[PDB]
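Heads up, the chain below is alone and in the form deposited without the partner chain; it's given as structure tokens.
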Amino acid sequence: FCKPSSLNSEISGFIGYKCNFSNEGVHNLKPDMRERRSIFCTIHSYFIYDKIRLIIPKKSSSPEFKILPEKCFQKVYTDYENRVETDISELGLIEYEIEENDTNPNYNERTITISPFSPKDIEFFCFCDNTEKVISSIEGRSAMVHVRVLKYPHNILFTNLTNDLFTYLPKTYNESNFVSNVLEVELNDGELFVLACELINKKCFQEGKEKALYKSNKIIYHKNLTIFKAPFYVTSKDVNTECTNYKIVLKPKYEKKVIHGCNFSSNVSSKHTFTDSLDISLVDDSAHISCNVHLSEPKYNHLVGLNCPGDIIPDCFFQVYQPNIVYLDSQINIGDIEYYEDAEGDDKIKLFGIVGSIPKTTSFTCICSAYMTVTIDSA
């Protein structure tokens, strides 16, 4: 048993989101001849205990960057029609961490750590303007760093096992609700469970009691909390996960999951039951067979795949064909896309899950003449 502060290891560079705007960095806002375009940084995320770093050079050694406002992560901007220096606490952010690490001799490292406790989407801006610098009648470039924190769409589990109450969330379970010294947890899909305990085992939350390991790869060991991310897609309702003596057992509520896909599989022993099942080798090898996947939902919580054998080109769904390959997140423009890798006997099954709401229309293609085109509309 150990405290969960160092249970999430000591691997540095977990920042991720880093809107770098510095002179030595390659996204510089200096006036230059090779580039004459402003730089953007747009982030949409379900922000779970990560951090955002702004590496910005200071006002010393000539006033370089007009940071608007001057205390960016202490006071942050609203929409541009009503740009006032609103405080960081007025938005609705719950249990944040702000670090104005200026102790490095080259930049103002402004870091914000955001917990997912919010009842609404929180959008904020910090401008970095250098149009005051005129060199050879060519002005500087502007940045409009825009972070749009999104609410977690699934439900969140948070029980009580510590002395100090917090009450940022409606309390579900407690030690008085610990029925028969065993917690039976029924997650739906992809939720997170927060046991407020300060002493958990070193190799717990990584195995299972009945069979296999009901787990994903985003288990977060906070200094005062303990949160694991449930996987979006599981095999059957026969696996579980337990850690501990207060014994908490977590098992998924596996219903009959439906995944959209062409699924030209040859093996009948396939655990994934897709929508379409049209064969590939049944037809002759001269026709241009095309598979269309049209997606139109207001709130996407979907999971699309394929089960055709042979060779899958390109590496779907990491890079997909242009409507000539391009990344899936570059066309969808939404983060939090899960991907599952399957190593079967004969048929190759690949699947990805998208949660959120896309701004624009993307119609990407994966070729198994068998072509599978997946189109998702802006709506």
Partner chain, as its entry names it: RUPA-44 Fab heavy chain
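What we label the rigid core is the largest C-alpha set whose atoms superpose within 1.5 Å from one form to the other. Numbering follows the first chain given and starts at 1.
Colleague: Going by the PDB record, how many residues of the deposited sequence fall between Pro323 and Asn324 without any coordinates: none, 1 to 3, 4 to 9, or 10 or more?
Modeller: 4 to 9 residues are missing.
Colleague: Between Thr244 and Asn245, what class does the number of missing deposited residues fall in: none, 1 to 3, 4 to 9, or 10 or more?
Modeller: Unresolved stretch here: 4 to 9 residues.
A second form of this protein, the form solved in complex with the partner chain, is not displayed here; the remarks below concern that form.
Colleague: Should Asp284 be counted as a contact of the partner chain in the deposited complex, where contact means heavy atoms within 4.5 Å?
Modeller: Residue-level check for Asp284: yes, a contact with the partner chain.
Colleague: Given that the partner chain is not shown alongside this chain, does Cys126 nevertheless sit within 4.5 Å of it in the deposited complex, heavy atom to heavy atom?
Modeller: Outside the cut-off, so no.
Colleague: Is it the case that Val76, even though its partner is missing from this view, gets within 4.5 Å of the partner chain in the deposited complex, heavy atoms only?
Modeller: No, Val76 stays farther than 4.5 Å from the partner chain in the deposited complex.
Colleague: Is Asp121 close enough to the partner chain in the deposited complex to count, meaning some heavy atom within 4.5 Å?
Modeller: No, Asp121 sits far enough from the partner chain in the deposited complex that none of its heavy atoms falls within 4.5 Å.
Colleague: Check each of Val304, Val147, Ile289, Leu157 and return the one that places a heavy atom within 4.5 angstroms of the partner chain in the deposited complex.
Modeller: For this set of options, the contacting one is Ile289.
Colleague: Only one of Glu297, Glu175, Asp276, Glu132 comes within 4.5 Å of the partner chain in the deposited complex by heavy atoms, so just point that one out.
Modeller: Only one listed residue qualifies here, and that residue is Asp276.
Colleague: Taking the rigid core as reference, does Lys171 move its C-alpha 2 Å or further between the shown form and the other one?
Modeller: Where the cores coincide, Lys171 still shows a C-alpha shift between the shown form and the other one that is 2 Å or more.
Colleague: Superpose on the rigid core, then tell me if the C-alpha of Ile94 is displaced by 2 angstroms or more between the shown form and the other one.
Modeller: Comparing the forms between the shown form and the other one, which are aligned on their rigid core, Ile94 does not shift its C-alpha by 2 Å or more.
Colleague: For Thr113, state whether the C-alpha moves by 2 Å or more between the shown form and the other one after rigid core superposition.
Modeller: After core superposition, the C-alpha of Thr113 moves less than 2 Å between the shown form and the other one.
Colleague: Since the Cα separation of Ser12 and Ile48 moves by 3 Å or more in the deposited complex, tell me which way: closer or farther than here.
Modeller: Relative to the displayed form, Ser12 and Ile48 move farther apart in the deposited complex - a change of at least 3 Å between their C-alphas.
Colleague: Which way does the C-alpha gap of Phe14 and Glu109 go in the deposited complex, closer or farther, given it changes by 3 angstroms or more?
Modeller: Residues converge in the deposited complex, at least 3 Å closer.
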